[PDB]
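Heads up, the thing below is written out as structure tokens.
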Amino acid sequence: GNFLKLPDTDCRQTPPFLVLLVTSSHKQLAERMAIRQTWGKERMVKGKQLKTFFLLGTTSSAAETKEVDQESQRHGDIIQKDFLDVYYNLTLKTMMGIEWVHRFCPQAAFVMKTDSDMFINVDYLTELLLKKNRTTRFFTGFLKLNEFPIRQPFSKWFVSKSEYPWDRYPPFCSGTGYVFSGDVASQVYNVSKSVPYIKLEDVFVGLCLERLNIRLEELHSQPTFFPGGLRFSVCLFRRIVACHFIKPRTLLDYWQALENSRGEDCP
Ligand SMILES: *[C@@H]1O[C@H](CO)[C@@H](O[C@@H]2O[C@H](CO)[C@@H](O)[C@H](O)[C@H]2NC(C)=O)[C@H](O)[C@H]1NC(C)=O
Ligand SMILES: CO[C@@H]1O[C@H](CO)[C@H](O)[C@H](O[C@@H]2O[C@H](CO)[C@@H](O)[C@H](O)[C@H]2NC(C)=O)[C@H]1O
Ligand SMILES: O=c1ccn([C@@H]2O[C@H](COP(=O)(O)OP(=O)(O)O)[C@@H](O)[C@H]2O)c(=O)[nH]1
Ligand SMILES: *[C@@H]1O[C@H](CO[C@@H]2O[C@@H](C)[C@@H](O)[C@@H](O)[C@@H]2O)[C@@H](O)[C@H](O)[C@H]1NC(C)=O
Ligand SMILES: [Mn+2]
Numbered sequence: 042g043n044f045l046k047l048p049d050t051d052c053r054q055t056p057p058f059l060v061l062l063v064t065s066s067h068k069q070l071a072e073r074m075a076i077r078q079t080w081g082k083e084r085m086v087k088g089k090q091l092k093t094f095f096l097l098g099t100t101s102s103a104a105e106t107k108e109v110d111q112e113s114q115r116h117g118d119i120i121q122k123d124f125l126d127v128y129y130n131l132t133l134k135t136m137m138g139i140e141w142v143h144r145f146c147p148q149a150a151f152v153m154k155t156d157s158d159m160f161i162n163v164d165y166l167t168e169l170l171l172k173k174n175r176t177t178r179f180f181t182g183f184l185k186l187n188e189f190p191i192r193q194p195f196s197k198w199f200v201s202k203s204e205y206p207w208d209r210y211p212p213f214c215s216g217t218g219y220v221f222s223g224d225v226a227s228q229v230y231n232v233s234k235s236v237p238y239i240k241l242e243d244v245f246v247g248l249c250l251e252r253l254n255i256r257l258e259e260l261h262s263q264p265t266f267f268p269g270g271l272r273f274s275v276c277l278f279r280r281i282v283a284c285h286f287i288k289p290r291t292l293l294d295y296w297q298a299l300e301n302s303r304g305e306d307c308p
């Protein structure tokens, strides 16, 4: 599948319950280390297996290439293919992770694609997934159902009429963090080449899901995904799945907070 790097893992021997696919660029070593020491730490969660992998492309920098090679050797949790790792190549990065699930971890019950600047409560997520009784063609996160392409020309998410010619986008979930049943990876990979390309990964995936007639669903009666970020509180963070706008130092402090208060009860 042209994977310069493959994780040292065997999903047939121990099928994971939840696989985390984390996007980060080569220089963001601090982010990856904070995740590996916090919510990305592999463990049983209510007896369910959690695995964490980092999606990376390639870089022109010889120094960064070397560092990432050493990191892969030392940690074995990097999935890599030869594509220029840049913001407007995030669609390739996403499709690489989905390809990895399809070819090497079709046993995964659930897969979460997430950003590096995020806080994820796998405990609460696992609890909600076990409660949802939705194991096939399932896809959730922060639902974006009536979106219009951004035509403001210097905007990060700007798309020309040539890049996306229609007035509205299909349903999709924030690329900050979305979750799906493992089977969906195979279906998306399968239809990927037939769907109109878009440089925005979450929209691209939304196009594929629409082609597949897979409808987006809310994970819970209450909001659990926060692309806009949140005011921090131990009690609030115990009852959410994902929060954006979290830098590495902050992530470590939040993880420590939750550890320090483990054992107290909340309203
Ligand atoms: C996305 O990554 C692809 C693959 O690396 C980039 O395409 C290559 O661009 C390099 C220059 O960096 C050329 O030398 C190659 O001929 C291209 N190869 C292919 C297969 O296209 C592409 O430029 C990247 N996208 C963006 C927006 O930077
Ligand atoms: C003010 O919030 C922003 O509002 C725009 C619409 O006006 C849009 O909903 C933004 O979400 C982004 O939408 C992009 C496609 O247009 C998508 O590729 C990005 O990943 C979205 N970003 C987030 C944070 O989900 C929204 O931020
Ligand atoms: O070349 C790049 C640029 C960004 N990212 C990742 O893509 C996600 C989105 O980037 P960022 O948070 O900077 O932007 P946002 O989409 O929250 O505006 C993050 O996990 C980044 O680490 C990446 O893997 N490669
Ligand atoms: C998930 O299922 C729980 C167990 O209910 C039993 O099993 C499911 C698969 C159905 O066949 C149901 O008719 C059975 O009684 C429920 O307690 C729980 O509410 C379900 N969760 C949701 C979100 O509906
Ligand atoms: Mn981000």
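If you count by the authors' numbering, then the sequence shown holds residues 42 to 308, one letter each, in order.
For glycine and all other residues, C-beta sits at the position ideal for the given N, C-alpha and C.
Annotation for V63 indicates a beta carbon at 7 Å or more from all heavy atoms of ligand 2.
Inter-segment contact for the stretch 154-169 and the stretch 210-230 is present: three or more beta-carbon pairs are separated by less than 8 Å.
Spanning the alpha carbons of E72 and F160 requires a straight line of approximately 11 Å. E204 and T55 have their C-alpha atoms spaced approximately 42 Å apart.
A direct Cα-to-Cα measurement between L241 and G247 gives close to 10 Å.
Exclusion of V246 from the 7 Å shell around ligand 2 follows from its C-beta lying no nearer than that to any non-hydrogen atom of the ligand. By the CB criterion at 8 Å, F94 and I120 fall inside the cutoff. If only uninterrupted beta strand (DSSP E) runs of at least 3 residues are considered, those enclosed by the stretch 84-145 are 84-86, 89-99 and 119-125. The criterion of a C-beta distance shorter than 8 Å is satisfied by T100 and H67. Taking 7 Å as the cut-off, the C-beta of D306 does not count as close to any heavy atom of ligand 3. Note that the C-beta distance between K173 and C214 is not below 8 Å. Rounded to the nearest angstrom, the Cβ distance from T167 to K87 is 6 Å, consistent with a contact under 8 Å. Ordered by chain, the residues meeting the criterion of a beta-carbon within less than 7 Å of a non-hydrogen atom of ligand 2 are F183, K185, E188, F189, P190, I191, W198, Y210, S215, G216, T217, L241, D243, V244, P268 and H285. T64 is bridged by DSSP to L96. Taking C-alpha positions only, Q263 is separated from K288 by approximately 25 Å.
Taking 8 Å as the cut-off, the beta carbon of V275 is found closer than this to the beta carbon of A298.
The straight-line gap separating the alpha-carbon atoms of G42 and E140 is approximately 8 Å.
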